[PDB]
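Asks: Following this message is one structure expressed as structure tokens.
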Amino acid sequence: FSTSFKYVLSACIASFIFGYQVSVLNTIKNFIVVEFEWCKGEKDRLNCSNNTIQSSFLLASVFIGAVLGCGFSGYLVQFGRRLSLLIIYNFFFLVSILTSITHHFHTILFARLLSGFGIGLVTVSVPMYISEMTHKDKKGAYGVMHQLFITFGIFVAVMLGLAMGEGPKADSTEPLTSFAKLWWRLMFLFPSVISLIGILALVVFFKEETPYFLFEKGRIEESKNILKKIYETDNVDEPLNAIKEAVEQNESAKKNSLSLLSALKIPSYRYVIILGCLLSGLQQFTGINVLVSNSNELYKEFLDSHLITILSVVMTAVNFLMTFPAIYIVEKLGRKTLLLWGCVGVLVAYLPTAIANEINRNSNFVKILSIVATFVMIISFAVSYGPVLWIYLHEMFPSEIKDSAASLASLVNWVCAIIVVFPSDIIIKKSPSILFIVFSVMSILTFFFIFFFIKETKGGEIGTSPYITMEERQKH
Ligand SMILES: CCCCCCCCCO[C@@H]1O[C@H](CO)[C@@H](O)[C@H](O)[C@H]1O
Ligand SMILES: CCCCCCCCCO[C@@H]1O[C@H](CO)[C@@H](O)[C@H](O)[C@H]1O
Ligand SMILES: CCCCCCCCCO[C@@H]1O[C@H](CO)[C@@H](O)[C@H](O)[C@H]1O
Ligand SMILES: CCCCCCCCCO[C@@H]1O[C@H](CO)[C@@H](O)[C@H](O)[C@H]1O
Ligand SMILES: OC[C@H]1O[C@@H](O)[C@H](O)[C@@H](O)[C@@H]1O
């Protein structure tokens, strides 16, 4: 509950909007389907081809938007981290209002595409802000707060969706409740109020920018004040000197015309960047978004509306609760060890499920095992790979490519989200065993990847990497 902790709370407000925006549409989609009358032409008003295609575009728009958001964020952060947060809040305020008043597939598609862009901004900005506003020994611990409120956002959106009539019947013709028509729009409108809270927090209490940013553009004295404020100490010679060395290397870098595109042709920098993009993209091959995006579609085959609803609530609850231990584990045991154990937990989840489905595709025992395996996969991901990745991406790079490569890696993550989710939706309908055996193989490969190539980044100074040492960065 330090000061640096009030500051990360201010940044985690955007992380709450992150999680909320990702899961809000999925929660109340069926209501939109009936109201917008996407399948009013056919007998079934909830299940038709038109709904499937348009829902695919809606999900794709968020992912694509997130890709663009991550790319632009690399350029936007240059003018400030706190500035990025302010822009995010102002942006989400209008986008949420716009989404609240949509009446057609095109306007809501446009709204979600924008909402995705804001998400891509949050993906890079918030973990970077927390990175430069916390103690080096407590970076990881607070870095979990980012993932924590993401998880919390996903949970709150599901909880608010319980105020609904728990869904309209697919074969019925009963019109929605006037309350239900109002409430799903209000759910879209809720992050506008949250955005206002985010703006108020930054402009009233947390006016300062990060000490790293302030020092980088000349504000040395003002950098000292915010540095002394977050550390609660008059003597801040060591972290200031760490920033001074990082910034000086940035100045030498700009002189050598070093950029992300230029560093890629340098084998020393290419190595750490490729490793960063690999680790970032491999988070999606855990299949976590397959569950997040299609929680209803996955269990619609052997579970009814009420149980799917209960399952959704419990899944998001566990996904949120199991994030808390990461605050202690990430720093105490390290990031690499947690990643390795996380991969083991993922393997333990998918491989027995793959074997069970291969033996018998329609066994009752398989259905039950699939439910338990879900929670095993959720607990494993929520405690490790989820939180750690965004913490690691802002600890593994030298200062010259610190922000740019982190943005590139974040972009790859959302690109892989497109690569994993949509084909998985097609595969799991044909043969779940094949999809589950691919995830098992990927879980093993990811284990070996981290085990052999990934180094620990705990307690590292700002702008330092375990891969490239200071003197080695000078010859470049
Ligand atoms: C740019 C600000 C616009 C906000 C205007 C709010 C007016 C009252 C909102 O009630 C609206 O009543 C419509 C009747 O057709 C419904 O269709 C629509 O779903 C519902 O939202
Ligand atoms: C960000 C989303 C942008 C979507 C752009 C889609 C452009 C091509 C489709 O245009 C739409 O053709 C419909 C015919 O079905 C018309 O009914 C509707 O009035 C019109 O808008
Ligand atoms: C890691 C957890 C991933 C799960 C997140 C996706 C959950 C999507 C929300 O589902 C919906 O929940 C509503 C209750 O709010 C139900 O009324 C509705 O029937 C159901 O479709
Ligand atoms: C990658 C997202 C899912 C993570 C792992 C959770 C497995 C839960 C899904 O269970 C599977 O549901 C299929 C529905 O098609 C059934 O056919 C199959 O028998 C059953 O095993
Ligand atoms: O909590 C679930 C979320 O965790 C984040 O770490 C992943 O990047 C998201 O794709 C996932 O949806």
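Residues in the structure tokens are numbered from 1 in each chain, the chains being A, B, ... in the order shown, and ligands are numbered from 1 in the order shown.
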Neighbours of ligand 5 at 8 Å or closer, counting only C-alpha atoms and all ligand atoms: which residues, as an mmCIF file with N, CA and C atoms, in the first residue's frame?
Replies:
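Below you can see selection_36.cif, which holds the result:
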```cif
data_model
loop_
_atom_site.group_PDB
_atom_site.id
_atom_site.type_symbol
_atom_site.label_atom_id
_atom_site.label_comp_id
_atom_site.auth_asym_id
_atom_site.auth_seq_id
_atom_site.Cartn_x
_atom_site.Cartn_y
_atom_site.Cartn_z
ATOM 1 N N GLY A 19 -10.256 -5.050 -19.319
ATOM 2 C CA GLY A 19 -10.970 -6.288 -19.067
ATOM 3 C C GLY A 19 -12.466 -6.188 -19.286
ATOM 4 N N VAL A 22 -13.402 -6.145 -23.088
ATOM 5 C CA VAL A 22 -13.167 -7.414 -23.771
ATOM 6 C C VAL A 22 -14.333 -8.384 -23.575
ATOM 7 N N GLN A 147 -2.612 -6.900 -14.593
ATOM 8 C CA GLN A 147 -3.360 -8.101 -14.954
ATOM 9 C C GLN A 147 -4.519 -8.340 -13.991
ATOM 10 N N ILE A 150 -7.458 -6.313 -14.900
ATOM 11 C CA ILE A 150 -7.954 -6.823 -16.172
ATOM 12 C C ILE A 150 -8.934 -7.957 -15.902
ATOM 13 N N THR A 151 -8.515 -8.809 -15.015
ATOM 14 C CA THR A 151 -9.229 -9.953 -14.600
ATOM 15 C C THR A 151 -10.469 -9.557 -13.888
ATOM 16 N N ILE A 154 -13.104 -8.241 -16.326
ATOM 17 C CA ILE A 154 -13.816 -9.342 -16.962
ATOM 18 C C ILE A 154 -14.896 -9.880 -16.029
ATOM 19 N N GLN A 283 1.831 -16.602 -25.532
ATOM 20 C CA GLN A 283 0.810 -16.489 -24.498
ATOM 21 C C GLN A 283 -0.556 -16.881 -25.056
ATOM 22 N N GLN A 284 -0.751 -16.624 -26.346
ATOM 23 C CA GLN A 284 -2.025 -16.894 -27.006
ATOM 24 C C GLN A 284 -2.192 -18.370 -27.344
ATOM 25 N N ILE A 288 -6.110 -19.283 -24.097
ATOM 26 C CA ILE A 288 -6.866 -18.560 -23.081
ATOM 27 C C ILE A 288 -7.994 -17.717 -23.690
ATOM 28 N N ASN A 289 -7.745 -17.134 -24.851
ATOM 29 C CA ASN A 289 -8.739 -16.307 -25.505
ATOM 30 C C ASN A 289 -9.814 -17.082 -26.194
ATOM 31 N N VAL A 292 -12.116 -17.172 -23.368
ATOM 32 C CA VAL A 292 -12.649 -15.846 -23.073
ATOM 33 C C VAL A 292 -13.676 -15.406 -24.115
ATOM 34 N N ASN A 319 -10.539 -16.830 -12.286
ATOM 35 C CA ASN A 319 -9.555 -16.128 -13.103
ATOM 36 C C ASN A 319 -9.079 -14.836 -12.441
ATOM 37 N N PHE A 320 -9.938 -14.252 -11.612
ATOM 38 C CA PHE A 320 -9.601 -13.033 -10.889
ATOM 39 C C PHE A 320 -8.872 -13.334 -9.582
ATOM 40 N N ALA A 382 -3.744 -17.874 -15.060
ATOM 41 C CA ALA A 382 -4.003 -16.671 -14.274
ATOM 42 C C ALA A 382 -2.913 -16.392 -13.244
ATOM 43 N N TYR A 385 1.441 -17.077 -16.658
ATOM 44 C CA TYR A 385 1.663 -16.487 -17.977
ATOM 45 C C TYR A 385 0.914 -15.172 -18.186
ATOM 46 N N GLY A 386 -0.315 -15.101 -17.687
ATOM 47 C CA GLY A 386 -1.120 -13.896 -17.793
ATOM 48 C C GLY A 386 -0.444 -12.651 -17.240
ATOM 49 N N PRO A 387 -0.198 -12.627 -15.918
ATOM 50 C CA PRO A 387 0.482 -11.505 -15.258
ATOM 51 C C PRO A 387 1.932 -11.302 -15.697
ATOM 52 N N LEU A 389 3.874 -11.997 -18.357
ATOM 53 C CA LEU A 389 4.248 -11.527 -19.694
ATOM 54 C C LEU A 389 4.365 -10.007 -19.801
ATOM 55 N N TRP A 390 3.339 -9.293 -19.352
ATOM 56 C CA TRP A 390 3.317 -7.839 -19.484
ATOM 57 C C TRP A 390 4.307 -7.176 -18.532
ATOM 58 N N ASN A 413 1.379 -10.161 -29.907
ATOM 59 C CA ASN A 413 0.452 -10.850 -29.017
ATOM 60 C C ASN A 413 -0.987 -10.811 -29.523
ATOM 61 N N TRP A 414 -1.416 -9.650 -30.010
ATOM 62 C CA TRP A 414 -2.772 -9.500 -30.522
ATOM 63 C C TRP A 414 -2.912 -10.084 -31.922
ATOM 64 N N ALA A 417 -3.403 -13.596 -31.335
ATOM 65 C CA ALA A 417 -4.764 -13.775 -30.843
ATOM 66 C C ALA A 417 -5.698 -14.087 -32.007
#
```
Asks: Can you tell me which residues come within 8 Å of ligand 3 when counting only C-alpha atoms and all ligand atoms, ideally as a count of residues only?
Replies: 42
Asks: Using only C-alpha atoms and all ligand atoms, find each residue in chain A having at least one atom no more than 7 Å away from ligand 4; report its shortest atom-to-atom pair and that distance in Å (one decimal), rows by chain then rising number, as CSV.
Replies:
```
residue,atom,partner,partner_atom_place_in_ligand_line,distance
A:287,CA,ligand 4,1 (C),4.4
A:288,CA,ligand 4,2 (C),6.3
A:290,CA,ligand 4,2 (C),4.7
A:291,CA,ligand 4,2 (C),4.4
A:298,CA,ligand 4,14 (C),4.8
A:299,CA,ligand 4,12 (O),5.7
A:301,CA,ligand 4,14 (C),5.7
A:350,CA,ligand 4,5 (C),6.4
A:353,CA,ligand 4,21 (O),6.3
A:357,CA,ligand 4,19 (O),6.0
A:361,CA,ligand 4,19 (O),5.6
A:362,CA,ligand 4,19 (O),6.2
A:366,CA,ligand 4,21 (O),6.0
A:367,CA,ligand 4,20 (C),5.6
A:370,CA,ligand 4,8 (C),4.5
A:371,CA,ligand 4,8 (C),5.8
A:373,CA,ligand 4,6 (C),5.9
A:374,CA,ligand 4,6 (C),4.2
A:377,CA,ligand 4,5 (C),6.7
A:428,CA,ligand 4,15 (O),5.5
A:429,CA,ligand 4,15 (O),5.4
A:432,CA,ligand 4,17 (O),5.7
```
Asks: Could you list the protein, DNA and RNA residues that have any atom within 9 Å of ligand 2, counting only C-alpha atoms and all ligand atoms, and write them as a ChimeraX atom specification?
Replies: /A:61,105-114
Asks: Please tabulate, as CSV, the residues of chain A that come within 12 Å of ligand 1, each with its closest pair of atoms and the distance in Å to one decimal, counting only C-alpha atoms and all ligand atoms and ordering rows by chain, then residue number upward.
Replies:
```
residue,atom,partner,partner_atom_place_in_ligand_line,distance
A:32,CA,ligand 1,19 (O),10.6
A:35,CA,ligand 1,19 (O),9.3
A:36,CA,ligand 1,19 (O),10.3
A:94,CA,ligand 1,1 (C),10.1
A:95,CA,ligand 1,1 (C),11.6
A:96,CA,ligand 1,1 (C),11.4
A:97,CA,ligand 1,1 (C),7.7
A:98,CA,ligand 1,1 (C),7.6
A:99,CA,ligand 1,1 (C),10.5
A:100,CA,ligand 1,21 (O),7.5
A:101,CA,ligand 1,21 (O),5.7
A:102,CA,ligand 1,19 (O),7.7
A:103,CA,ligand 1,19 (O),7.0
A:104,CA,ligand 1,19 (O),10.7
A:178,CA,ligand 1,19 (O),9.8
A:179,CA,ligand 1,19 (O),11.1
A:180,CA,ligand 1,19 (O),10.7
A:181,CA,ligand 1,19 (O),7.0
A:182,CA,ligand 1,21 (O),7.0
A:183,CA,ligand 1,21 (O),10.0
A:184,CA,ligand 1,19 (O),9.9
A:185,CA,ligand 1,21 (O),7.3
A:186,CA,ligand 1,21 (O),9.2
A:188,CA,ligand 1,21 (O),11.5
A:189,CA,ligand 1,21 (O),10.9
```
Asks: Can you tell me, as a ChimeraX atom specification, which residues in stretch 191-257 of chain A count as alpha helix (DSSP H) by DSSP?
Replies: /A:191-204,211-216,220-231,237-255
Asks: I need the residue nearest residue A:60 from this list: A:7, A:459, A:418, A:272. Use only C-alpha atoms for the distance.
Replies: A:418
Asks: Calculate how many Å separate atom CA of residue A:280 from atom CA of residue A:444, rounding to one decimal.
Replies: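 For atom CA of residue A:280 relative to atom CA of residue A:444, the distance reads 16.1 Å.
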